[PDB]
Structure formats: structure tokens, C-alpha cells
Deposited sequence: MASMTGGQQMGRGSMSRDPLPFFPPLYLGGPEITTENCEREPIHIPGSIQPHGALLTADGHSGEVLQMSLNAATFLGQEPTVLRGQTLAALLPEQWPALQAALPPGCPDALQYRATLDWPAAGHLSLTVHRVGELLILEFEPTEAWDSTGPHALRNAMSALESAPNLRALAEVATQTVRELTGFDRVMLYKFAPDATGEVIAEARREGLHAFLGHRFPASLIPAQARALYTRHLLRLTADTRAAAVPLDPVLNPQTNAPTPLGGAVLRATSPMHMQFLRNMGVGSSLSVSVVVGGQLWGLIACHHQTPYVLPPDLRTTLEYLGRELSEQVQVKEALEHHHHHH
């Protein structure tokens, strides 16, 4: 059973209670983007990340309580049609915005209950070839190797691993692609506690997460609770959600400035992760994340196929 989050008087997490951290409701985001929440009927803006006004070039007083009809006149009708009440929470509306103050932005929206969650961040054949390369891989080891090399080629990440969960939830690096000079993790195994049970559960439902800068302080949502419910805003489906500080510290101690993983899901179970590191902070472009999501699904399919052959 989850502890209350920090903003509802819950404890700071320690190694005795890793599994009790409510990582899905941190009430805060990473500073490389901005987040709004809005009422799913009216489009009234209900919450904003503290950086949202500055990030979007709006007056703080003007942004709170404004409507999406007024803020996003060109997207609001399409957004409503795309995300009706009761639609799957995983369903997304995506648009590219020409925003003079911030530049070209990627807008990603999903619905949870009666709330729309809007994520804004900057945005800037390969997919076909990568997809084909995974399919054409001859066995599981080769598939793992191709997956890591292909993801590294697409992303530029310093390290890309295939991290496989054992039945006891320990993990092992079973393939990696790595920059010259980096220590090998191939064949190394790690305790189950380093990716705790609630993280593993979340990663079965929401298939990509990241920390763009492992030193960056989280930016709170204001108000922190959804005014509709007087309860935490669900952020499991928001890539911008703040990462657990316990994990951020783990990464800093490894010399990792930026981290990203994609779930590999086989028979509805979390089989492993495509796990990526960069030494320097690094925001993987939105279009590249979409490509990785496609490759995660392809790898998942191919792991099942390869495991059936062998």
C-alpha cells in the first residue's frame, strides 16, 4: 500500500520503503517541458506547472483559469473529438504548434477521467529500416544486439542495454551498445529492489519513461491537487512527470545525466527494458521517442517469436 505523496504529508522515501513511493502522482514535472491540466468538458485550465507561463510566454495571471478554446483555438475542436469521456487513458491526441515565444512545440494530450493532461515540449525511412532489422534478426541474442545497436544509432545515446527480468524480478544486462571507454555491464545482474514492484507495475501500463537531466529539480504543479477531485493528478501517462528522487540519485552515482527506457511486454508481462543512458543531460526529440515506442512494440513481438523458435 502506497504512502501518501510528499505534498499530502507523506514521508521522504528511504531504502526500507522503496516500493511504497507513489511514483505515478509526484505533483511535479521535469523542467524541459510544461504541463497544463484542463477540464475535459469546458477546457478551463485547472493546473499549471510553475514554469508553464514562462515556458509558453504567457502572463501567470492570464494562464490560470483560461480556456483551451482561447489558448489553443486551432486544436481545441480536434482535441475534444479525439479524446471523449471514457476513452482509454492510453489514447493520445498529438499536434505540432508554431509558438513564437517557445518555437515549434510538440503537444501531447491524454484524458484521465474528466481531466485532460497537456504536455508541451520543443520539437525539431529510418523507422522502416529499423523495424525490418529487428524482424530479420535470426535468434534472440542477435535480436537483442540489433535492438541495442539500432536504438543507439537512432538516438545517439552513450549506452543502450537490453535489461531482462528474471522470475524473481532481478535484472540482467543481456546485450548492450556503448560508447568507447564506458565500462561493460554485459552479464551483470542487479537486485529486484532497484526497479521496485510499483515501478514494474506502472511500466506494464505506460511503456516509456525518462529523466532528461538527473540533476534538475522537479517543477511543481499549481494547484498541486486536481480541483475537480481534491485529489492527486494521475501522471503515470505523462512523460514529463518527475522521476523518483531515489532513482535520480542512483543515476547520478552512475555518472548518468540522462536516462530513458522502453518496456518490452511479452504475454502481458514485463519481460525487460530497452534501457538508455547519456553522460550529459539530453532531451531525446519527441519524434524520436515515438520511433522508440514503435520499436519497443516490434521488439516485444519479436522476442515472443524468437522465444517460440528456440
property	result
Regions of the deposited sequence not represented in the model	1-20, 145-151, 338-343
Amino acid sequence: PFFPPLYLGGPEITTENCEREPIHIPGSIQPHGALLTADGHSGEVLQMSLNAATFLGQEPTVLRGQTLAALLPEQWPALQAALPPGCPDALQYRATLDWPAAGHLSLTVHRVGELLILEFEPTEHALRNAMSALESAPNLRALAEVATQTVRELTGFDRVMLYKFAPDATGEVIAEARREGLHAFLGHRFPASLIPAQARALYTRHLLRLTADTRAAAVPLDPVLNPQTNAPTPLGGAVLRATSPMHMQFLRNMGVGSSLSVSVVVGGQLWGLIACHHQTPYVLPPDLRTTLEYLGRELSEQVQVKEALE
From here on, numbers count along this sequence of modelled residues.
| query | finding |
| --- | --- |
| Comparing 60-68 with 241-249, the one whose average Cα B-factor in the PDB entry is higher | 60-68 |
| Between the two ranges 182-190 and 81-89, the one averaging a larger CA B factor in the entry | 81-89 |
| Per the PDB entry, maximal CA B factor within 111, 209, 159, 104 | 104 |
| Criterion, highest CA B-factor; candidates, 124, 222, 176, 168 | 124 |
| Residue 230, C-alpha B-factor rank within chain (lowest, middle or highest third) | middle |
| Assigned third (lowest, middle, highest) for the C-alpha B factor of residue 217 | middle |
| B-factor third for the C-alpha atom of residue 45 within its chain | middle |
| Third of the chain's Cα B-factor distribution that residue 163 belongs to, per the entry | lowest |
| Residue 284 CA temperature factor, ranked by third within the chain | middle |
